[PDB]
Asks: 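Can you read through this structure? Questions will come right after.
Here is how names work: the chains are called A, B, and so on, in the same order as the sequence lines, proteins then strands, and each is numbered from 1.
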Amino acid sequence: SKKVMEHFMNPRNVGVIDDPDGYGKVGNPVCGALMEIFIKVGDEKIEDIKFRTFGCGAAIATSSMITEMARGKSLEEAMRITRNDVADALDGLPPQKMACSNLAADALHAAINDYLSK
Amino acid sequence: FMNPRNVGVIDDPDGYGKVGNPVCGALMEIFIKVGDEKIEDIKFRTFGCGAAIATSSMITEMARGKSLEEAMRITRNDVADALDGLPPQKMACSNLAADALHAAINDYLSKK
Ligand code: FES
């Protein structure tokens, strides 16, 4: 796919935030991967966001798209971003386990929840 | 040393093979250029795991410079000493390379 390949080749928001407002980490040995999302929160919105993957990189395209979508959104709006709406925003995705498909959205939700704990 | 060998893409390849890991979703693609009925150049591209990548690096290195006939005979078994006790989850990852190599050779053979 031109667009999915764009996100695999040139992923948006890869990295770490050193003092993050919220941090989520999820992984699953069936998917061969762990991933982390870091958020900074300003006002009531996602002011900055970064992700990184460890292991298999098959979740990179979805993670890049989800993080772009979450940037600038209210926490409440970002909590509503799902794999299914990221899937539509990539115009689908190749065959994979649903658990593997959900990693990025699950890490994003974890990071938001982490912030809320504070 | 640490960088896997033969990584990349070939534009307008003589043969192209792609196979997928249906679990994590990663793809393995192999590109071949053939001169004198030998594999003159070969590259792989994947976003998969270390087992996918390490195997692909070995299989593509083995295929380089070989006749198409010889390359078609390369199996995961030819690098089994480097893959001892690999966990069951990773077996499919290690089979991508040889499967994609065979696809690429067959792709070339279908165009003449
Ligand atoms: S290629 Fe994804 S876990 Fe091996």
Side-chain angles (χ1 to χ4, degrees), chain A residues 1-15 25-36 51-68 82-84 86-107, chain B residues 2-13 16-31 43-60 76 79 82-100 103-104 107:
Chain A
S1 153
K2 189 50 177 76
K3 171 61 156 184
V4 169
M5 179 51 54
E6 170 68 24
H7 285 266
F8 270 121
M9 288 299 212
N10 296 110
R12 277 80 150 148
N13 304 310
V14 175
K25 172 208 290 219
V26 300
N28 188 331
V30 173
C31 309
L34 185 79
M35 75 164 286
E36 295 176 301
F51 81 87
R52 67 187 174 174
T53 59
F54 295 88
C56 190
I60 290 165
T62 58
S63 296
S64 168
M65 170 77 273
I66 202 154
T67 62
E68 275 296 61
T82 74
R83 163 256 176 218
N84 273 104
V86 178
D88 305 329
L90 267 13
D91 218 313
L93 54 84
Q96 57 190 188
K97 231 74 201 195
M98 180 56 60
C100 302
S101 203
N102 287 331
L103 283 175
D106 294 351
Chain B
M2 282 147 276
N3 291 310
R5 288 126 151 189
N6 303 290
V7 166
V9 59
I10 298 176
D11 321 324
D12 201 35
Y16 168 79
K18 160 183 80 208
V19 296
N21 180 337
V23 172
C24 54
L27 274 186
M28 175 63 64
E29 292 167 289
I30 280 176
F31 310 82
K43 294 288 134 185
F44 77 93
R45 185 183 31 196
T46 188
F47 296 92
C49 62
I53 291 170
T55 307
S56 261
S57 170
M58 301 185 281
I59 289 298
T60 61
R76 184 199 180 270
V79 301
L83 295 176
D84 190 56
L86 195 78
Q89 197 71 240
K90 302 296 175 156
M91 200 68 22
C93 310
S94 64
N95 289 133
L96 293 171
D99 292 352
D107 182 53

Asks: Can you tell me if A:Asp88 has over 12 outside heavy atoms packed within less than 6.0 Å of its CG?
Replies: yes

Asks: Evaluate whether atom CG of A:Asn10 has more than 12 neighbouring non-hydrogen atoms of other residues, nucleotides or ligands under 6.0 angstrom away.
Replies: yes

Asks: Closest heavy-atom contact between B:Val23 and A:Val30?
Replies: CG1-O, 3.4 Å

Asks: What closest approach, in Å, do B:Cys24 and A:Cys31 show between heavy atoms, and which atom pair accounts for it?
Replies: CB-O, 3.7 Å

Asks: Give, as side chain, backbone, both or neither, the part of A:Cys56 having an atom under 4.5 angstrom from any heavy atom of chain B.
Replies: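 Answer is both: backbone and side chain atoms of A:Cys56 are under 4.5 Å from chain B.
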
